[PDB]
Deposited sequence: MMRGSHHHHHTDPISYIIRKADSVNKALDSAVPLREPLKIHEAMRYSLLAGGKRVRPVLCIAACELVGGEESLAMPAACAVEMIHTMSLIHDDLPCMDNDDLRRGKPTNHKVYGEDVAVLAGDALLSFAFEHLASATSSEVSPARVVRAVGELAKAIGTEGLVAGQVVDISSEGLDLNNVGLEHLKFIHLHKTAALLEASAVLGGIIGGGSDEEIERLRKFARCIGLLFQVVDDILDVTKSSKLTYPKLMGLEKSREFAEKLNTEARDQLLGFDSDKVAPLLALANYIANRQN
């Protein structure tokens, strides 16, 4: 439950602190840490860890990979927040990177977090993991985040007959800007933990489903307290869609070890039933 996530999130925080220490050049490291070590919920690295354990791995095996996906998540925010893109002065209720360090330092801090993600995944992953698996991890991670994946979502996310193309655009953006990196987290965990190719594909589909589910539920909450699921399919159909995503995510975990699969089932039904 929230306890599993809170506790794994805490171990991730400590790992991130350790992975990117303050050293020379100091400013750049401060700027990287400012953003990396802020208050993310850490869902991506925790899903990574969870996926590793689901397949019989241990948290320690996946921890470098988990840190990499969070570094990549962090760098995406840093760049998205720049004036030339979303122009966010605030995120997490705090000044954004470029507001504290300048746009220049913010771009560089994102660049160094992207590259270090790969350095860390490649260099810090235990030698018990077969290098073929680490190569695959590198490739999955890069693919998930470039032009087929995340960046595609960002270039599309610009704001048309919404009745002809609105739903298609909405699913596209969410699949690309949310599901893609959650898919990479789960896939990297499965890969690094020794999962079969079948197991990896079930984890990929699970992650896609809970990625869409997060956004559908967020939209329902927003109206029961921009283009949205309630606007484009109505609220009832939005609720039916979230329930079908919850079911589908659960169905993907059919066939895994009964005890091992609880934290993922708990995460699906938690995301699904968010009250706040």
Check: Which parts of the deposited sequence have no C-alpha atoms in the model?
Finding: 1-12, 172-174, 241-242
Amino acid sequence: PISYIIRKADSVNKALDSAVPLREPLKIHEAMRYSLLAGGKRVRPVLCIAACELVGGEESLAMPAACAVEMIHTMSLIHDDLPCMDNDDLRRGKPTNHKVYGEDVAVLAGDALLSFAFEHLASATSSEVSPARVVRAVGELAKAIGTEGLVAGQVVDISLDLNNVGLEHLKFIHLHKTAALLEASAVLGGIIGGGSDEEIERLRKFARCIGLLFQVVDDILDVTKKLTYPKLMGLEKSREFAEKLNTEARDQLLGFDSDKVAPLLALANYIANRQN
From here on, numbers count along this sequence of modelled residues.
Notebook entry, point to check: Mean C-alpha B-factor higher for 117-125, or for 90-98?
Noted result: 90-98
Check: Comparing 78-86 with 180-188, which stretch shows the greater average C-alpha B-factor in the deposited entry?
Finding: 78-86
Check: Out of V55, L227, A31, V69, which shows the largest CA B-factor listed in the entry?
Finding: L227
Next item on the list: Sorting the chain's modelled residues by C-alpha B-factor, tell me whether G39 ends up in the lowest, middle or highest third.
Entry: highest
Next item on the list: Ordered by C-alpha B-factor within the chain, which third holds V223? Give me lowest, middle or highest, please.
Entry: highest
Checklist line | Third assignment of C48 from its chain's C-alpha B-factors | finding: lowest
Note to self: Please say which third, lowest, middle or highest, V107 falls into when its CA temperature factor is compared across its chain.
What the structure shows: lowest
Check: Which third of the chain holds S159 when residues are ordered by C-alpha B factor: lowest, middle or highest?
Finding: highest
